[PDB]
file start.cif (mmCIF, C-alpha atoms)
data_protein
loop_
_atom_site.group_PDB
_atom_site.id
_atom_site.type_symbol
_atom_site.label_atom_id
_atom_site.label_comp_id
_atom_site.auth_asym_id
_atom_site.auth_seq_id
_atom_site.Cartn_x
_atom_site.Cartn_y
_atom_site.Cartn_z
ATOM 1 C CA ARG A 1 -24.414 27.672 6.344
ATOM 2 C CA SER A 2 -24.853 24.522 4.279
ATOM 3 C CA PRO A 3 -24.145 21.256 6.146
ATOM 4 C CA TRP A 4 -21.428 20.316 3.645
ATOM 5 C CA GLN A 5 -19.479 23.517 4.329
ATOM 6 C CA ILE A 6 -19.778 22.980 8.093
ATOM 7 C CA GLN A 7 -18.535 19.401 7.726
ATOM 8 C CA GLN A 8 -15.644 20.550 5.523
ATOM 9 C CA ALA A 9 -14.587 23.229 8.016
ATOM 10 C CA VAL A 10 -14.841 20.780 10.926
ATOM 11 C CA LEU A 11 -12.750 18.219 9.037
ATOM 12 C CA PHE A 12 -10.115 20.840 8.211
ATOM 13 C CA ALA A 13 -9.905 21.951 11.850
ATOM 14 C CA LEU A 14 -9.684 18.343 13.056
ATOM 15 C CA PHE A 15 -6.934 17.613 10.521
ATOM 16 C CA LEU A 16 -4.980 20.666 11.687
ATOM 17 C CA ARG A 17 -5.358 19.596 15.323
ATOM 18 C CA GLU A 18 -4.441 15.966 14.614
ATOM 19 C CA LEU A 19 -1.346 16.740 12.532
ATOM 20 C CA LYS A 20 0.526 18.347 15.437
ATOM 21 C CA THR A 21 -0.111 15.438 17.811
ATOM 22 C CA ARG A 22 0.544 12.731 15.208
ATOM 23 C CA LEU A 23 3.809 14.302 14.037
ATOM 24 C CA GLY A 24 5.168 15.878 17.219
ATOM 25 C CA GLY A 25 6.026 19.182 18.863
ATOM 26 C CA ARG A 26 9.265 19.466 16.879
ATOM 27 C CA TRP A 27 7.935 17.215 14.071
ATOM 28 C CA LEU A 28 10.279 14.424 15.154
ATOM 29 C CA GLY A 29 7.769 11.905 13.795
ATOM 30 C CA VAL A 30 8.981 12.554 10.250
ATOM 31 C CA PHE A 31 12.339 11.199 11.438
ATOM 32 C CA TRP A 32 10.499 7.996 12.435
ATOM 33 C CA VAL A 33 7.863 7.335 9.755
ATOM 34 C CA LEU A 34 10.415 7.926 6.991
ATOM 35 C CA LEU A 35 12.682 5.550 8.915
ATOM 36 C CA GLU A 36 9.664 3.303 9.558
ATOM 37 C CA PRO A 37 9.904 0.963 6.510
ATOM 38 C CA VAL A 38 13.694 0.970 6.116
ATOM 39 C CA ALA A 39 14.255 -0.533 9.570
ATOM 40 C CA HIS A 40 12.001 -3.409 8.520
ATOM 41 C CA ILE A 41 13.580 -3.995 5.111
ATOM 42 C CA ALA A 42 17.259 -4.063 6.114
ATOM 43 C CA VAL A 43 17.009 -6.939 8.593
ATOM 44 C CA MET A 44 15.131 -9.037 6.030
ATOM 45 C CA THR A 45 18.052 -8.502 3.647
ATOM 46 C CA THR A 46 20.139 -10.331 6.275
ATOM 47 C CA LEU A 47 17.558 -13.096 6.844
ATOM 48 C CA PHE A 48 15.980 -14.514 3.665
ATOM 49 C CA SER A 49 17.743 -12.812 0.745
ATOM 50 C CA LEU A 50 19.329 -16.044 -0.495
ATOM 51 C CA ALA A 51 16.173 -17.967 0.421
ATOM 52 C CA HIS A 52 14.110 -15.573 -1.704
ATOM 53 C CA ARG A 53 16.585 -15.834 -4.585
ATOM 54 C CA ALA A 54 16.205 -19.615 -4.388
ATOM 55 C CA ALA A 55 12.412 -19.249 -4.250
ATOM 56 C CA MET A 56 12.028 -16.714 -7.060
ATOM 57 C CA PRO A 57 15.070 -15.188 -8.799
ATOM 58 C CA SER A 58 13.118 -13.035 -11.254
ATOM 59 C CA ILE A 59 12.464 -10.248 -8.732
ATOM 60 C CA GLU A 60 14.522 -8.822 -5.873
ATOM 61 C CA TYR A 61 13.876 -8.368 -2.163
ATOM 62 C CA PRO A 62 14.385 -4.547 -1.998
ATOM 63 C CA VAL A 63 11.430 -4.069 -4.383
ATOM 64 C CA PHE A 64 9.334 -7.112 -3.439
ATOM 65 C CA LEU A 65 9.390 -6.052 0.217
ATOM 66 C CA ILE A 66 8.508 -2.431 -0.572
ATOM 67 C CA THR A 67 5.617 -3.404 -2.857
ATOM 68 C CA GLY A 68 3.899 -5.145 0.067
ATOM 69 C CA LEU A 69 5.175 -3.330 3.154
ATOM 70 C CA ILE A 70 3.990 0.266 2.736
ATOM 71 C CA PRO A 71 0.472 -0.779 1.610
ATOM 72 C CA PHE A 72 0.272 -3.049 4.661
ATOM 73 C CA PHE A 73 1.776 -0.347 6.878
ATOM 74 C CA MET A 74 -0.825 2.087 5.561
ATOM 75 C CA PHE A 75 -3.703 -0.340 6.125
ATOM 76 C CA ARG A 76 -2.441 -0.966 9.667
ATOM 77 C CA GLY A 77 -2.035 2.752 10.326
ATOM 78 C CA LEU A 78 -5.553 3.428 9.071
ATOM 79 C CA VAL A 79 -7.015 0.711 11.307
ATOM 80 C CA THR A 80 -5.030 1.693 14.403
ATOM 81 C CA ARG A 81 -5.395 5.476 14.155
ATOM 82 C CA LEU A 82 -9.101 5.243 13.321
ATOM 83 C CA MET A 83 -9.622 2.865 16.252
ATOM 84 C CA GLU A 84 -8.008 5.289 18.730
ATOM 85 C CA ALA A 85 -10.284 8.143 17.605
ATOM 86 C CA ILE A 86 -13.410 9.450 19.401
ATOM 87 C CA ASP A 87 -11.727 8.929 22.781
ATOM 88 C CA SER A 88 -8.731 11.126 21.929
ATOM 89 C CA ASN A 89 -11.212 13.867 20.944
ATOM 90 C CA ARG A 90 -13.794 13.076 23.642
ATOM 91 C CA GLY A 91 -13.378 16.520 25.196
ATOM 92 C CA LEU A 92 -13.916 18.160 21.801
ATOM 93 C CA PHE A 93 -17.470 16.789 21.462
ATOM 94 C CA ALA A 94 -18.830 19.998 23.009
ATOM 95 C CA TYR A 95 -19.617 22.247 20.026
ATOM 96 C CA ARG A 96 -22.558 20.517 18.258
ATOM 97 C CA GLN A 97 -20.605 20.534 14.979
ATOM 98 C CA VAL A 98 -17.880 18.014 15.904
ATOM 99 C CA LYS A 99 -19.361 14.553 15.386
ATOM 100 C CA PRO A 100 -17.576 11.248 16.103
ATOM 101 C CA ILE A 101 -17.401 10.341 12.401
ATOM 102 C CA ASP A 102 -15.425 13.510 11.629
ATOM 103 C CA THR A 103 -12.516 12.475 13.864
ATOM 104 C CA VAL A 104 -12.061 9.130 12.113
ATOM 105 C CA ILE A 105 -12.475 10.803 8.706
ATOM 106 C CA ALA A 106 -9.785 13.396 9.470
ATOM 107 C CA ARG A 107 -7.430 10.732 10.815
ATOM 108 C CA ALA A 108 -8.066 8.791 7.599
ATOM 109 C CA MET A 109 -7.036 11.763 5.453
ATOM 110 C CA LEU A 110 -3.924 12.344 7.569
ATOM 111 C CA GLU A 111 -2.820 8.703 7.429
ATOM 112 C CA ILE A 112 -3.528 8.440 3.691
ATOM 113 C CA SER A 113 -1.507 11.579 2.941
ATOM 114 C CA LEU A 114 1.424 10.498 5.127
ATOM 115 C CA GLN A 115 1.578 7.008 3.641
ATOM 116 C CA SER A 116 1.213 8.290 0.069
ATOM 117 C CA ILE A 117 4.162 10.619 0.691
ATOM 118 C CA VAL A 118 6.098 7.655 2.110
ATOM 119 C CA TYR A 119 5.257 5.571 -0.977
ATOM 120 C CA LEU A 120 6.399 8.336 -3.330
ATOM 121 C CA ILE A 121 9.667 8.831 -1.437
ATOM 122 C CA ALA A 122 10.329 5.079 -1.319
ATOM 123 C CA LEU A 123 9.741 4.683 -5.059
ATOM 124 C CA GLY A 124 11.975 7.673 -5.773
ATOM 125 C CA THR A 125 14.832 6.359 -3.644
ATOM 126 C CA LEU A 126 14.406 2.871 -5.125
ATOM 127 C CA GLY A 127 14.713 4.295 -8.631
ATOM 128 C CA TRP A 128 17.706 6.302 -7.419
ATOM 129 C CA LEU A 129 19.532 3.053 -6.591
ATOM 130 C CA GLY A 130 18.818 1.567 -10.034
ATOM 131 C CA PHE A 131 16.211 -0.963 -8.900
ATOM 132 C CA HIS A 132 13.023 -1.536 -10.875
ATOM 133 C CA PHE A 133 10.500 0.989 -9.556
ATOM 134 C CA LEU A 134 7.995 1.937 -12.276
ATOM 135 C CA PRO A 135 4.753 -0.083 -12.053
ATOM 136 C CA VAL A 136 3.668 -2.056 -15.099
ATOM 137 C CA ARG A 137 -0.120 -1.665 -14.733
ATOM 138 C CA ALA A 138 -0.547 1.542 -12.743
ATOM 139 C CA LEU A 139 -4.344 1.714 -13.062
ATOM 140 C CA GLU A 140 -4.874 -1.793 -11.675
ATOM 141 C CA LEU A 141 -2.468 -1.010 -8.831
ATOM 142 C CA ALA A 142 -4.434 2.159 -8.051
ATOM 143 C CA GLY A 143 -7.710 0.228 -8.065
ATOM 144 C CA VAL A 144 -6.385 -2.466 -5.729
ATOM 145 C CA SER A 145 -4.928 0.224 -3.463
ATOM 146 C CA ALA A 146 -8.299 1.999 -3.360
ATOM 147 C CA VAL A 147 -10.017 -1.277 -2.447
ATOM 148 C CA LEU A 148 -7.468 -1.755 0.346
ATOM 149 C CA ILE A 149 -8.084 1.830 1.505
ATOM 150 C CA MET A 150 -11.834 1.248 1.664
ATOM 151 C CA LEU A 151 -11.419 -2.046 3.534
ATOM 152 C CA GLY A 152 -9.004 -0.514 6.042
ATOM 153 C CA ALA A 153 -11.162 2.542 6.705
ATOM 154 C CA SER A 154 -14.212 0.294 7.086
ATOM 155 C CA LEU A 155 -12.456 -1.965 9.593
ATOM 156 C CA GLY A 156 -11.157 1.037 11.524
ATOM 157 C CA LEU A 157 -14.605 2.621 11.747
ATOM 158 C CA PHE A 158 -16.217 -0.680 12.758
ATOM 159 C CA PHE A 159 -13.659 -1.308 15.498
ATOM 160 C CA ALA A 160 -13.888 2.289 16.740
ATOM 161 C CA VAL A 161 -17.677 2.025 17.004
ATOM 162 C CA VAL A 162 -17.776 -1.467 18.515
ATOM 163 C CA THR A 163 -15.047 -0.904 21.141
ATOM 164 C CA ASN A 164 -16.803 2.038 22.828
ATOM 165 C CA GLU A 165 -18.384 -0.190 25.483
ATOM 166 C CA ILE A 166 -15.371 -2.508 25.885
ATOM 167 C CA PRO A 167 -12.056 -0.591 25.714
ATOM 168 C CA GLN A 168 -9.935 -3.634 26.610
ATOM 169 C CA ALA A 169 -11.056 -5.530 23.496
ATOM 170 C CA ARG A 170 -9.456 -2.666 21.564
ATOM 171 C CA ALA A 171 -5.957 -3.568 22.757
ATOM 172 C CA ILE A 172 -5.976 -7.182 21.551
ATOM 173 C CA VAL A 173 -7.070 -5.887 18.138
ATOM 174 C CA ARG A 174 -3.749 -4.055 17.916
ATOM 175 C CA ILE A 175 -2.074 -7.320 18.923
ATOM 176 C CA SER A 176 -4.100 -9.010 16.178
ATOM 177 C CA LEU A 177 -2.367 -6.753 13.650
ATOM 178 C CA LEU A 178 0.947 -8.516 14.328
ATOM 179 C CA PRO A 179 0.050 -12.014 12.980
ATOM 180 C CA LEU A 180 -1.380 -10.547 9.763
ATOM 181 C CA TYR A 181 2.036 -9.092 8.905
ATOM 182 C CA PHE A 182 3.341 -12.666 9.140
ATOM 183 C CA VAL A 183 0.486 -14.311 7.193
ATOM 184 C CA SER A 184 -0.219 -11.775 4.424
ATOM 185 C CA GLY A 185 2.899 -12.793 2.490
ATOM 186 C CA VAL A 186 4.534 -9.386 2.907
ATOM 187 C CA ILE A 187 7.892 -10.640 4.198
ATOM 188 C CA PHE A 188 8.132 -13.774 2.052
ATOM 189 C CA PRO A 189 6.414 -14.988 -1.127
ATOM 190 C CA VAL A 190 3.396 -17.178 -0.397
ATOM 191 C CA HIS A 191 4.196 -19.625 -3.218
ATOM 192 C CA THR A 192 6.389 -21.499 -0.711
ATOM 193 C CA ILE A 193 3.430 -22.195 1.612
ATOM 194 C CA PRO A 194 2.402 -25.874 1.511
ATOM 195 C CA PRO A 195 -0.762 -26.497 -0.533
ATOM 196 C CA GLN A 196 -2.904 -27.750 2.363
ATOM 197 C CA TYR A 197 -2.308 -24.470 4.233
ATOM 198 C CA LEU A 198 -3.289 -22.020 1.477
ATOM 199 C CA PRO A 199 -7.124 -22.506 1.471
ATOM 200 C CA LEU A 200 -7.341 -21.366 5.096
ATOM 201 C CA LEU A 201 -5.257 -18.304 4.194
ATOM 202 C CA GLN A 202 -7.481 -17.527 1.187
ATOM 203 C CA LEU A 203 -10.111 -16.179 3.604
ATOM 204 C CA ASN A 204 -7.798 -13.231 4.371
ATOM 205 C CA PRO A 205 -8.636 -10.406 1.921
ATOM 206 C CA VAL A 206 -5.417 -8.511 2.690
ATOM 207 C CA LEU A 207 -3.428 -11.412 1.233
ATOM 208 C CA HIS A 208 -5.470 -11.252 -1.982
ATOM 209 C CA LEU A 209 -5.052 -7.477 -2.209
ATOM 210 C CA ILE A 210 -1.285 -7.665 -1.631
ATOM 211 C CA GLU A 211 -0.944 -10.420 -4.240
ATOM 212 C CA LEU A 212 -2.960 -8.434 -6.786
ATOM 213 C CA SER A 213 -0.956 -5.266 -6.101
ATOM 214 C CA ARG A 214 2.305 -7.162 -6.613
ATOM 215 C CA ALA A 215 0.921 -8.708 -9.809
ATOM 216 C CA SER A 216 -0.040 -5.264 -11.120
ATOM 217 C CA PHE A 217 3.382 -3.879 -10.151
ATOM 218 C CA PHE A 218 5.935 -6.431 -11.361
ATOM 219 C CA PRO A 219 6.159 -7.693 -14.958
ATOM 220 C CA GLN A 220 5.213 -11.384 -15.229
ATOM 221 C CA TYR A 221 4.230 -11.992 -11.611
ATOM 222 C CA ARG A 222 2.076 -15.094 -11.254
ATOM 223 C CA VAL A 223 -1.123 -15.283 -9.208
ATOM 224 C CA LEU A 224 -2.064 -18.423 -7.291
ATOM 225 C CA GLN A 225 -5.391 -20.169 -7.769
ATOM 226 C CA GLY A 226 -8.239 -18.822 -5.667
ATOM 227 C CA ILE A 227 -6.796 -15.288 -5.591
ATOM 228 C CA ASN A 228 -9.270 -12.744 -6.949
ATOM 229 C CA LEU A 229 -10.556 -9.205 -6.464
ATOM 230 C CA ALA A 230 -14.265 -10.049 -6.152
ATOM 231 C CA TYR A 231 -13.923 -11.585 -2.683
ATOM 232 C CA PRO A 232 -11.945 -8.664 -1.143
ATOM 233 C CA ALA A 233 -14.250 -6.164 -2.862
ATOM 234 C CA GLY A 234 -17.352 -7.851 -1.461
ATOM 235 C CA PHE A 235 -15.749 -8.159 1.972
ATOM 236 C CA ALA A 236 -14.885 -4.452 1.983
ATOM 237 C CA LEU A 237 -18.344 -3.421 0.759
ATOM 238 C CA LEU A 238 -20.183 -5.583 3.298
ATOM 239 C CA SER A 239 -17.933 -4.476 6.162
ATOM 240 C CA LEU A 240 -18.308 -0.801 5.219
ATOM 241 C CA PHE A 241 -22.097 -1.089 5.030
ATOM 242 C CA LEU A 242 -22.258 -2.861 8.398
ATOM 243 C CA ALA A 243 -19.876 -0.380 10.050
ATOM 244 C CA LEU A 244 -21.807 2.630 8.753
ATOM 245 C CA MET A 245 -25.129 1.123 9.822
ATOM 246 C CA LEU A 246 -23.785 0.300 13.298
ATOM 247 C CA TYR A 247 -22.462 3.850 13.647
ATOM 248 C CA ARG A 248 -25.951 5.014 12.680
ATOM 249 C CA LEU A 249 -27.321 2.777 15.450
ATOM 250 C CA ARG A 250 -24.992 4.112 18.173
ATOM 251 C CA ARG A 251 -24.827 7.657 16.792
ATOM 252 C CA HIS A 252 -25.743 9.213 20.153
ATOM 253 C CA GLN A 253 -24.066 6.760 22.552
ATOM 254 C CA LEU A 254 -20.568 7.844 21.486
ATOM 255 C CA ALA A 255 -21.407 11.545 21.848
ATOM 256 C CA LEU B 1 20.605 -5.829 -39.756
ATOM 257 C CA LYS B 2 21.744 -2.184 -39.249
ATOM 258 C CA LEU B 3 19.893 -1.579 -35.993
ATOM 259 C CA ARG B 4 21.346 1.936 -35.750
ATOM 260 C CA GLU B 5 19.833 2.970 -39.085
ATOM 261 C CA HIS B 6 16.430 1.506 -38.206
ATOM 262 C CA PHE B 7 16.063 2.906 -34.691
ATOM 263 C CA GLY B 8 16.914 6.432 -35.842
ATOM 264 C CA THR B 9 14.240 6.501 -38.550
ATOM 265 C CA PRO B 10 11.296 8.174 -36.689
ATOM 266 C CA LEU B 11 12.113 11.873 -36.403
ATOM 267 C CA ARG B 12 8.591 12.700 -35.190
ATOM 268 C CA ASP B 13 9.365 11.992 -31.535
ATOM 269 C CA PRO B 14 12.636 12.728 -29.678
ATOM 270 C CA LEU B 15 12.050 10.349 -26.734
ATOM 271 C CA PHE B 16 12.083 6.818 -28.206
ATOM 272 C CA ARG B 17 14.464 7.294 -31.153
ATOM 273 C CA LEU B 18 18.189 6.566 -31.337
ATOM 274 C CA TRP B 19 19.849 9.937 -31.866
ATOM 275 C CA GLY B 20 22.690 10.084 -34.357
ATOM 276 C CA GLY B 21 26.248 10.077 -33.067
ATOM 277 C CA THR B 22 25.558 8.522 -29.665
ATOM 278 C CA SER B 23 27.972 6.565 -27.506
ATOM 279 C CA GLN B 24 28.380 2.796 -27.650
ATOM 280 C CA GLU B 25 27.251 2.472 -24.023
ATOM 281 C CA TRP B 26 24.060 4.390 -24.789
ATOM 282 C CA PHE B 27 23.498 2.152 -27.814
ATOM 283 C CA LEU B 28 23.815 -0.900 -25.565
ATOM 284 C CA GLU B 29 21.376 0.575 -23.039
ATOM 285 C CA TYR B 30 18.899 1.407 -25.811
ATOM 286 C CA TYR B 31 19.159 -2.127 -27.210
ATOM 287 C CA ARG B 32 18.590 -3.574 -23.737
ATOM 288 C CA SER B 33 15.541 -1.312 -23.455
ATOM 289 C CA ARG B 34 14.009 -2.333 -26.795
ATOM 290 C CA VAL B 35 14.573 -6.088 -26.251
ATOM 291 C CA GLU B 36 12.875 -7.567 -23.187
ATOM 292 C CA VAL B 37 13.807 -11.053 -21.958
ATOM 293 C CA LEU B 38 11.815 -12.780 -19.222
ATOM 294 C CA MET B 39 12.317 -16.221 -17.722
ATOM 295 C CA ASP B 40 9.545 -18.354 -16.257
ATOM 296 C CA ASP B 41 11.252 -20.427 -13.574
ATOM 297 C CA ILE B 42 8.646 -23.123 -12.895
ATOM 298 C CA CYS B 43 8.647 -24.152 -16.560
ATOM 299 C CA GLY B 44 12.055 -22.595 -17.242
ATOM 300 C CA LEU B 45 10.896 -20.962 -20.480
ATOM 301 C CA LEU B 46 12.627 -17.893 -21.921
ATOM 302 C CA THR B 47 10.319 -15.379 -23.610
ATOM 303 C CA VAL B 48 11.801 -12.653 -25.822
ATOM 304 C CA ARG B 49 9.816 -9.581 -26.888
#
call {"tool": "encode", "arguments": {"input": "start.cif", "output": "structure tokens"}}
result
Amino acid sequence: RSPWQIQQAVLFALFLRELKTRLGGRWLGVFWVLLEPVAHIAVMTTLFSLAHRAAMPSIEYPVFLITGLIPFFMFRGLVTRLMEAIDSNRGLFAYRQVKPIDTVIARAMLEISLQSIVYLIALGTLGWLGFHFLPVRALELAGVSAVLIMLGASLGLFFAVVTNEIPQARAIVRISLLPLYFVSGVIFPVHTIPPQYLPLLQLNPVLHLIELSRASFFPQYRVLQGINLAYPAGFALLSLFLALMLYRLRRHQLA
Amino acid sequence: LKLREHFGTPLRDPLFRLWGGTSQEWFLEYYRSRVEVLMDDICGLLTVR
């Protein structure tokens, strides 16, 4: 058969295998992932609701939090699940058609589908409660989301390839996902950060992508100086090229 | 200004026109939809579209 058809069949089989383990034997995971963002939002309604209203009263926490949480959750899920690949299918590398890239690709499709479903459900239930839920500039939001998808998949592939020799360095990477949630401006608006602290944070492309997504979502949402799309786009492109080339280098070591 | 007469003029589309004989609450919601007010807090400027 053609190589494309073989790759497509392998990806479909890997997706079918991965869905059962990711979700659960009784699919109890849907009771968690759907409850995944809500458990985060509610406590922040009891922490900085009045502080956020003092900071910016134009928008509301139930929508501001959602506009930055699920994209960050989906980036984090992409990175984590793609990093744990290869090893979890190490016994399946015995059929000459299952290559290490296919596992991370299939996990990427699964995570993207799950998080897109979560986004749709969250927007539907936010519009059910009367909150503002329709994006203003949908095309720009889709473009920024695609850039975030590419950056997350690139980082996941790079970390999966580079951690093959050193498994322990994998674990701290997961730990390194925790501070980003606190420094990407997801929980609180970054306009309150003191000016001498922002230029160090400008090197984080996830912050730029979250800010641009929020700007494309809300009507009249301001963007701080130094926030652009060119820097995250170049970072994602360079990281993806390097990750693909490194996987090409160690194509046989993983197998 | 007879807003009710004006907003019911275009019969071409049934989605963005004020149908005849509608409730007062629906009229208020339609008016709130067709008049957007935003406030810029840092300068405190009110923009009306």
call {"tool": "closest_residue", "arguments": {"input": "start.cif", "among": "A:5, A:21, A:191, A:94", "to": "chain B", "atoms": "all atoms listed in the file"}}
result
A:191
call {"tool": "interface_residues", "arguments": {"input": "start.cif", "of": "chain A", "to": "chain B", "cutoff": "10 Å", "atoms": "all atoms listed in the file", "output": "MDAnalysis selection string"}}
result
chainID A and resid 55:58 219:222
call {"tool": "resolve_selection", "arguments": {"input": "start.cif", "expression": "the PyMOL selection byres ((chain A and resi 176-185) around 10)", "output": "ChimeraX atom specification"}}
result
/A:65,68-69,72-73,75-76,79-80,170-175,186-193,201-202,204-211
call {"tool": "write_last_selection", "arguments": {"input": "start.cif", "atoms": "C-alpha atoms", "output": "mmCIF file, keeping the file's coordinate frame"}}
result
data_model
loop_
_atom_site.group_PDB
_atom_site.id
_atom_site.type_symbol
_atom_site.label_atom_id
_atom_site.label_comp_id
_atom_site.auth_asym_id
_atom_site.auth_seq_id
_atom_site.Cartn_x
_atom_site.Cartn_y
_atom_site.Cartn_z
ATOM 1 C CA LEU A 65 9.390 -6.052 0.217
ATOM 2 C CA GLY A 68 3.899 -5.145 0.067
ATOM 3 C CA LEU A 69 5.175 -3.330 3.154
ATOM 4 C CA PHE A 72 0.272 -3.049 4.661
ATOM 5 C CA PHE A 73 1.776 -0.347 6.878
ATOM 6 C CA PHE A 75 -3.703 -0.340 6.125
ATOM 7 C CA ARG A 76 -2.441 -0.966 9.667
ATOM 8 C CA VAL A 79 -7.015 0.711 11.307
ATOM 9 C CA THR A 80 -5.030 1.693 14.403
ATOM 10 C CA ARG A 170 -9.456 -2.666 21.564
ATOM 11 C CA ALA A 171 -5.957 -3.568 22.757
ATOM 12 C CA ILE A 172 -5.976 -7.182 21.551
ATOM 13 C CA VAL A 173 -7.070 -5.887 18.138
ATOM 14 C CA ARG A 174 -3.749 -4.055 17.916
ATOM 15 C CA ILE A 175 -2.074 -7.320 18.923
ATOM 16 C CA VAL A 186 4.534 -9.386 2.907
ATOM 17 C CA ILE A 187 7.892 -10.640 4.198
ATOM 18 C CA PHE A 188 8.132 -13.774 2.052
ATOM 19 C CA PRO A 189 6.414 -14.988 -1.127
ATOM 20 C CA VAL A 190 3.396 -17.178 -0.397
ATOM 21 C CA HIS A 191 4.196 -19.625 -3.218
ATOM 22 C CA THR A 192 6.389 -21.499 -0.711
ATOM 23 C CA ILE A 193 3.430 -22.195 1.612
ATOM 24 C CA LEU A 201 -5.257 -18.304 4.194
ATOM 25 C CA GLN A 202 -7.481 -17.527 1.187
ATOM 26 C CA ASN A 204 -7.798 -13.231 4.371
ATOM 27 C CA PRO A 205 -8.636 -10.406 1.921
ATOM 28 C CA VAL A 206 -5.417 -8.511 2.690
ATOM 29 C CA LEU A 207 -3.428 -11.412 1.233
ATOM 30 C CA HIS A 208 -5.470 -11.252 -1.982
ATOM 31 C CA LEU A 209 -5.052 -7.477 -2.209
ATOM 32 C CA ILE A 210 -1.285 -7.665 -1.631
ATOM 33 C CA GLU A 211 -0.944 -10.420 -4.240
#
call {"tool": "atom_distance", "arguments": {"input": "start.cif", "atom1": "atom CA of residue 137 of chain A", "atom2": "atom CA of residue 217 of chain A"}}
result
6.2 Å
call {"tool": "residues_around", "arguments": {"input": "start.cif", "residues": "residue 234 of chain A", "least_positions_apart": "3", "cutoff": "12 Å", "atoms": "all atoms listed in the file", "output": "ChimeraX atom specification"}}
result
/A:147-148,150-151,205,228-231,237-241
call {"tool": "resolve_selection", "arguments": {"input": "start.cif", "expression": "the PyMOL selection byres ((chain A and resi 87) around 10)", "output": "list in words"}}
result
residues 83, 84, 85, 86, 88, 89, 90, 91, 92, 93, 100, 103, 160, 164, 167 and 254 of chain A
call {"tool": "residues_around", "arguments": {"input": "start.cif", "residues": "segment 37-40 of chain A", "least_positions_apart": "3", "cutoff": "8 Å", "atoms": "all atoms listed in the file", "output": "ChimeraX atom specification"}}
result
/A:33-34,43-44,66,69-70
call {"tool": "closest_residue", "arguments": {"input": "start.cif", "among": "B:49, B:35, B:30, B:1", "to": "residue 16 of chain B", "atoms": "only C-alpha atoms"}}
result
B:30
call {"tool": "residues_around", "arguments": {"input": "start.cif", "residues": "residue 31 of chain B", "least_positions_apart": "3", "cutoff": "10 Å", "atoms": "all atoms listed in the file", "output": "PDB file with C-alpha atoms, keeping the file's coordinate frame"}}
result
ATOM      1  CA  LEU B   3      19.893  -1.579 -35.993  1.00  0.00           C
ATOM      2  CA  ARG B   4      21.346   1.936 -35.750  1.00  0.00           C
ATOM      3  CA  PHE B   7      16.063   2.906 -34.691  1.00  0.00           C
ATOM      4  CA  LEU B  18      18.189   6.566 -31.337  1.00  0.00           C
ATOM      5  CA  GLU B  25      27.251   2.472 -24.023  1.00  0.00           C
ATOM      6  CA  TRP B  26      24.060   4.390 -24.789  1.00  0.00           C
ATOM      7  CA  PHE B  27      23.498   2.152 -27.814  1.00  0.00           C
ATOM      8  CA  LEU B  28      23.815  -0.900 -25.565  1.00  0.00           C
ATOM      9  CA  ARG B  34      14.009  -2.333 -26.795  1.00  0.00           C
ATOM     10  CA  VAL B  35      14.573  -6.088 -26.251  1.00  0.00           C
ATOM     11  CA  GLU B  36      12.875  -7.567 -23.187  1.00  0.00           C
TER      12      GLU B  36
END
call {"tool": "residues_around", "arguments": {"input": "start.cif", "residues": "residue 20 of chain B", "least_positions_apart": "3", "cutoff": "12 Å", "atoms": "all atoms listed in the file", "output": "list in words"}}
result
residues 4, 5, 6, 7, 8, 9, 10, 11, 14, 17, 23, 24, 26 and 27 of chain B
call {"tool": "atom_distance", "arguments": {"input": "start.cif", "atom1": "atom CA of residue 71 of chain A", "atom2": "atom CA of residue 14 of chain A"}}
result
24.5 Å
call {"tool": "atom_distance", "arguments": {"input": "start.cif", "atom1": "atom CA of residue 6 of chain A", "atom2": "atom CA of residue 102 of chain A"}}
result
11.0 Å
call {"tool": "closest_residue", "arguments": {"input": "start.cif", "among": "A:203, A:10, A:142, A:117", "to": "residue 96 of chain A", "atoms": "only C-alpha atoms"}}
result
A:10
call {"tool": "resolve_selection", "arguments": {"input": "start.cif", "expression": "the PyMOL selection byres ((chain A and resi 11) around 10)", "output": "ChimeraX atom specification"}}
result
/A:5-10,12-17,98-99,101-107,109
